[PDB]
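Next comes just one chain, in structure tokens: the form deposited without its partner chain.
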């Protein structure tokens, strides 16, 4: 039998939420930017020998519409929290997402993965160590990804599935 996972991709405008999702789902990348309102995808995959149905909600980076954003967090089972390694403000924003998820879920233990995207670009402004230390302080995994080269894309989503499994089986 299979198992379904409700993943939600969050992070600041332009960090690559959609590009990551499209690489996972459709195995391609383009430079052209299509700003998101809201998109949802379903994909069957095998993770660690188990058949999984991934439901992925690709959210917009904008920060308004708290009623809708809160509902995304209430329904979601795990959160891919994305910043870009060449966008310092997007990294500084990350703690807002952790705070909002903990507030809406009323818990300090929510499945989440910190993702430093655009790791192919030679314009880094956020050091890997800074992000590793922040994730360690939250008790969550951290991975660097590139939606362009595909580095880490499957691993980021599969790690999030593994975090949800651990939380549900605890």
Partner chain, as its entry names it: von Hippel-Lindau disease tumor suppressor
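Residue numbers count along the first chain shown, from 1.
Although it is not shown, the form solved in complex with its partner chain is what the next lines describe.
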query	finding
Residue 106 within 4.5 Å of its partner chain in the deposited complex, heavy atoms	yes
4.5 angstroms heavy atom contact with its partner chain in the deposited complex for residue 127	no
Its partner chain contact in the deposited complex: residue 63, any heavy atom under 4.5 Å	yes
